[PDB]
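Novice: Shown below is the structure under consideration.
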RNA sequence: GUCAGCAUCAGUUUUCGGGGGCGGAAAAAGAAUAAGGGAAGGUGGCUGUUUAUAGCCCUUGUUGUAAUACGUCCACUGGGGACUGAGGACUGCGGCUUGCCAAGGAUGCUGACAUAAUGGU
RNA sequence: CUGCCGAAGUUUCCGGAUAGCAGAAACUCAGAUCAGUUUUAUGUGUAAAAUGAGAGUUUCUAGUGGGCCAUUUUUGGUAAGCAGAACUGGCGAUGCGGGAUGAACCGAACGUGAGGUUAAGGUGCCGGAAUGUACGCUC
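Protein chains in written order, with full-length UniProt numbering: chain A, 313 to 363; chain B, 2 to 155, 164 to 176; chain C, 3 to 108; chain D, 2 to 197; chain E, 37 to 250; chain F, 3 to 25; chain G, 4 to 122; chain H, 138 to 155; chain I, 4 to 128.
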């Protein structure tokens, strides 16, 4: 058993054997689709652009 | 390449000092780990704040607010020599505070054979008026009529014709 | 007369070596016109050959050939490493090699 | 980039070390090199400094039979060949073969004055030496150490320049004719869209 | 016949649910930290991220010319060879260990991809004192079933989040045998990482080094 | 050399230079 | 499966080239300062168990069979069940009459003969 | 992790002294 | 001299990802650096080193430190575009680019072109 | 039998790209377009001045959920090259659907040559 | 002839017995103890968490009992060297890459091979690898 070692990253079939969840992963999700709230305190900007 | 880092830290809160002061420095380092290390070394050597008893509360990279505008920066430095005690002020004309720091490190290492550890940055300011500009070469760069020929113009070996090496 | 030479010219520079040890299995080949490791990526996998002559008329031919394959770039100047069926003799240092255009991918 | 069977290098304005290192590599590459006008080579440093160098090189001699010591060669071609040789494995058969594939000559002999003479950009003085820096010439250095053919080479080169310039005038006149007939044909401008 | 197939099928779905739960936890933890930092910045407040309970240590100096005091610690860290990487529970008892073997090892905070790739490619389990590759979940299940670890994803979670059984999981993983870095080290490698070398603590740059070693 | 004296130094001479630098 | 040998050159005793009294048969050097036992560069190699060849192809000729010494027709009969494993090699002191009898019997049995065309 | 307040804890900028 | 590093000089980028583009020195930083901009949108306003550019002979009036839009406006007003192309240097460069992008069939047609052009070789006696 | 060429795979590896998430001052810039401020290394004008017959700098609004750089991630993807083929009926873990599969280690399609190719000495 | 295991390199008492290092035989021990290690606590020493490893004893029988080099502390110093301790290292039983060459310098520790990638050191030529990039100094 296991005469040869197959890398799961390079083997789609071995990856399925080891991890029975890769079949549904949805890697990329679009979450920055609403009004992008520029969140930066004015005092923080002054401290950042200080001296 | 160096990156300007804003580093804020304080000692661990304790019943003696429930609200320690937050010390902030603007120091240049290739990465965050070097910046925090240089911050802790400076804090120990200035305020005698131990690295062990302290912690880092905020770290933020700083970009040049106007990187497309030519500026002149004056830099105060405390260089360490055979005697290990020196202080100079130098002026560099460029478009980024990082570039002026990069130029200053190369210059000091070229002339006085300095190192990153022998050099400690004291203060960096942007001199904007030609009146406060002191160095002659900087003034001759801010002259309104600056123009000069290009110096140091300089596989496929065995070129068949002689180089023009001119206009 | 110039309706031939479907191959690129090259020179067998030396073996793949350290300062004191040679590895005759793989040879450094200077393909001409190539000037960078990025340029050498085109010639990877091509068929380099060494064409020489011998006294005997084997198969009624005075000319014998040692085949070889370009393997990988060697340095920043565009030289390549080639593996020949029979490792090239040390007397071919500076001799000429022919790099065919096959197996082509263009 | 490319090679030829024989490469003729016009050593005027080149540097001794920079040219020799390029030449030594080409010889080991398997190419035949002919370096002409060896007396016009340049060396960094002012003339007096280089003269003391060679003079000190003259001091290298055995007590027993100075004919068994280092043979000091005064000719500029022999000076250049010594520089090349020290950059070659001359104690091995590969090094000896590379040396025999090189021919350094003073001036430009007739078999090589009617062939194109390439130059090495990596060895040119005008590109390698900062302007205003002191440099000597092997021709003057050799003629002061004991080379005794400076004047005749200068005279022979003057004749070669005159004969070659007359040939160029003939070729330029021919080139003017072919240039005039070049755009005369409408086919040149018909589909010159290919950049030719 | 049918009983084992049904049980294994249900076990397969159970692992999928756990892996889905773990993936959501990583996404939520990253997102909530970003939200906390954003709100601190908006309010002008400063938010301190938590200490990293996990560290990945790579031995960068060989077995020659090493003091006996430093040698014993690498024996206790199972760093018996150059370019060997292990997981350590970063705490007050480990900080002092790594501070005295600073010239001989490098370490930093590994992200999820570093841990996930290491166990997938270099993952070998210590089964009956043997180096058995983690080629299937049943290998982990029979060796870590007491601690409710059933698959590679469970093992990755127990290592990444430093769970209650992190000691058992880390001891189960045979020390990763990493190759020489692709692209090489820095010009001078045995200087401290801060001073331009490649030795000692390096924080989040252990990832950039490990991807070279994989 | 080229001057009067060899820049290259004897190996035992280098070490005792290192020793003299140490003390 | 093909037969591959980890080494082809024999191991020569050190300085057997230089001295005619020093035979080429390998002898392990016991010299304390022996640079050859120390494995210096340029020196010749020493027999090591790492040079041992494949178990499944050890003792096998290039053709893939194992030479078996045979003296008479009786010996060949013992090779009937291993004609695809062993190849009969007739001894060097077998007379010409028994040579042809051994070859014929092995050929009828289908057993290879390594040195058939001899005497 | 935990939060720290800067209310009445404004940061003082510090630069090394010659 | 014909070429001087001055505000309002058009330069040709030679080294970098913008090789072959035309830029104008909006501002001068120091002896080793210069700030340039180009009307083409693909060329952003940036600081370049003098080794990466070659000074072209074309100099156009330009106030110091002008913004990108006004630089383009001055560029269009003085018609620097196709003024560079009027030079024989630009025609050679563009012809070289066209020759570079030619394919095998185009090269065959070129051979027939120059063979027909060489056909005449007729001169007065 | 020897030696080659190609394809589809497996293991190790190297080298180019493409697309998409997320992060930072939710990059800094920048552009376009509205306020106000300042001036010059002072333009038109008349050495001195404040956008006019050049423009520049600073702040704010806006175009904005701007772009891009960068860090990071994709169980996203497209190529080029090299080394290797250990094991020998069936079991196993999986995937697609009894069957099929890249899923416990290479097979298939062809050639050339035997007076030579390979391997030797 | 091949293979495996493999030191001491010196205490402590009168040439030695002893111990130490290396093995063998026979026992018990896995809800157990160890450790050239780090924390915690009590006042550098003592005591109880981290990490690693299965941990113990009894018998008996080989070899070893030198030195060299270097660091640090320290004792005096002295024309200047150096001299006296301690300290753990390196060599000694050990080839290899680099340092042009090398008992003591930088890397690295060894079955036979293929491929990939590095260390130290390097990339003008001898010599495998940029007559690379950027900024200065020097005649």
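C-beta: ideal position from N, C-alpha, C; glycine also.
Counting pairs of Cβ atoms below 8 Å between the region 10-17 of chain D and the region 77-97 of chain C, do you hit three or more?
Specialist: Too few Cβ pairs lie closer than 8 Å, so no.
Novice: Is the distance from the Cβ of residue 82/C to the Cβ of residue 45/C below 8 Å?
Specialist: Their beta carbons are under 8 Å apart, which means residue 82/C touches residue 45/C by this criterion.
Novice: Which term fits residue 108/G, buried or exposed, when burial requires 16 or more other beta carbons within 10 angstroms of its beta carbon?
Specialist: Buried, since its Cβ has 16 or more Cβ neighbours within 10 Å.
Novice: Nearest to residue 91/I by CA position, among 59/I, 111/I, 116/I, is which residue?
Specialist: The residue with the shortest Cα to Cα distance from residue 91/I is 59/I.
Novice: For a contact defined as C-beta to C-beta under 8 Å, what are the partners of residue 141/H on chain E?
Specialist: Neighbours of residue 141/H on chain E, chain order: 81, 82, 83, 84.
Novice: Determine, using beta carbons only, whether residue 167/B comes closer than 8 Å to chain D.
Specialist: Residue 167/B counts as touching chain D.
Novice: So what's residue 49/D in DSSP terms, helix, strand or just coil?
Specialist: Reduced to three states, the DSSP call for residue 49/D is helix.
Novice: Which residue from 101/C, 108/C, 7/C, 25/C puts its Cα closest to that of residue 68/C?
Specialist: Among 101/C, 108/C, 7/C, 25/C, the Cα nearest to that of residue 68/C belongs to 101/C.
Novice: At a CB distance below 9 Å, what residues from the region 225-248 of chain E approach chain B? Give them in sequence order.
Specialist: Those residues of the region 225-248 of chain E that come within reach of chain B (Cβ to Cβ, closer than 9 Å) are 229, 230, 231, 232, 237, 238, 239, 240, 241.
Novice: Identify which residue in 30/G, 6/G, 118/G has its Cα closest to the Cα of residue 59/G.
Specialist: Comparing Cα positions, the closest option is 6/G.
Novice: What residue range does the alpha helix (DSSP H) around residue 40/B cover?
Specialist: Start and end: 33-48.
Novice: In angstroms with no decimal places, state the Cα-to-Cα distance between residue 135/E and residue 95/D.
Specialist: Straight-line Cα distance between these residues: approximately 56 Å.
Novice: I'd like the span of the alpha helix (DSSP H) that includes residue 120/B, first residue to last.
Specialist: Where residue 120/B is concerned, there is no enclosing alpha helix (DSSP H), given that its DSSP letter is neither H nor E.
Novice: Check whether chain B comes within 8 Å of residue 138/H, counting only Cβ atoms and requiring the distance to be less than that.
Specialist: Not one chain B Cβ lies under 8 Å of residue 138/H.
Novice: Output the boundary residues of the beta strand (DSSP E) element that contains residue 114/D.
Specialist: From DSSP, residue 114/D is part of no beta strand (DSSP E) but of the alpha helix (DSSP H) over 111-114.
Novice: Around the C-beta of residue 72/D, are 16 or more other C-beta atoms found within 10 angstroms, so that it is buried, or is it exposed?
Specialist: By the neighbour-count rule (16 or more Cβ atoms within 10 Å), residue 72/D is not buried but exposed.
Novice: Return the CA-CA distance between residue 45/I and residue 13/I, expressed in angstroms with no decimal places.
Specialist: Whole-angstrom Cα-Cα distance: 17 Å.
Novice: For residue 6/I, return the contacting residues in chain D, with the cut-off set at a CB-CB distance below 7 Å.
Specialist: Here the premise fails: no neighbours, minimum Cβ distance about 17 Å.
Novice: Would you identify the three-state DSSP class for residue 13/G, choosing helix, strand or coil?
Specialist: Note: residue 13/G maps to coil in three-state DSSP.
Novice: Could you list the residues in the region 6-21 of chain C with a C-beta less than 9 Å from some C-beta on chain D, going in chain order?
Specialist: Cβ contacts with chain D: 11, 13, 14, 15, 16.
Novice: Which residues does DSSP list as the beta-bridge partners of residue 18/F?
Specialist: DSSP, once it has assigned bridges, lists no residue as partnering residue 18/F.
Novice: Classify residue 78/D: buried if its beta carbon has 16 or more other beta carbons within 10 angstroms, exposed otherwise.
Specialist: Residue 78/D comes out buried.
Novice: Count the other C-beta atoms from every protein chain shown that fall within 10 angstroms of the C-beta of residue 211/E, then say buried if there are 16 or more, exposed otherwise.
Specialist: The residue is buried, with at least 16 neighbouring Cβ atoms inside 10 Å.
Novice: Buried or exposed: which applies to residue 8/F, given that a residue is buried once 16 or more other Cβ atoms fall within 10 Å of its Cβ?
Specialist: Residue 8/F comes out exposed.
Novice: When DSSP builds the beta bridges, which residues end up paired with residue 71/C?
Specialist: Residue 71/C pairs with 49/C, 85/C.
Novice: Residues of the region 2-35 of chain B in Cβ contact with chain E at a cutoff of 8 Å, in chain order, please.
Specialist: Under the 8 Å Cβ criterion, the region 2-35 of chain B contributes 9, 23, 32, 33, 34, 35.
Novice: Report the residues of the region 17-30 of chain D with a CB closer than 7 Å to any CB of chain C, ordered along the chain.
Specialist: Hits within the stretch, in order: 29, 30.
Novice: Is residue 238/E helix, strand or coil by DSSP?
Specialist: Residue 238/E: strand per DSSP, three-state reduction.
Novice: Is it buried or exposed, residue 217/E, if we count other Cβ atoms within 10 angstroms and call 16 or more buried?
Specialist: With 16 or more other Cβ atoms within 10 Å, it is buried.
Novice: Once the 5 residues before and after residue 16/G are set aside, which same chain residues still bring their CB inside 7 Å of it?
Specialist: Here the set comprises 25, 26, 27, 28, 29, 30.
Novice: Would you kindly report the start and end of the unbroken beta strand (DSSP E) that includes residue 148/E?
Specialist: That residue, residue 148/E, is in no beta strand (DSSP E); its alpha helix (DSSP H) goes 148-158.
Novice: Once DSSP output is grouped into helix, strand and coil, what is the label at residue 139/H?
Specialist: Reduced to three states, the DSSP call for residue 139/H is strand.
Novice: Chain A beta carbons: is any one of them nearer than 8 Å to that of residue 66/B?
Specialist: By this cut-off, residue 66/B is an interface position.
Novice: Would residue 192/D pass as an interface residue toward chain B - the criterion being a Cβ-Cβ separation below 8 Å?
Specialist: Taking Cβ atoms only, chain B never reaches closer than 8 Å to residue 192/D, which makes this a no.
Novice: Report all residues from its chain with a CB closer than 8 Å to the CB of residue 239/E; omit the five preceding and five following residues, and keep chain order.
Specialist: Answer for residue 239/E: 144, 145, listed in chain order.
Novice: Once you ignore the five residues that flank residue 30/I on each side, which residues in its own chain have a CB closer than 8 Å to its CB?
Specialist: For residue 30/I, where only same-chain residues beyond five positions count, the Cβ hits under 8 Å are 10, 37, 38, 67, 68.
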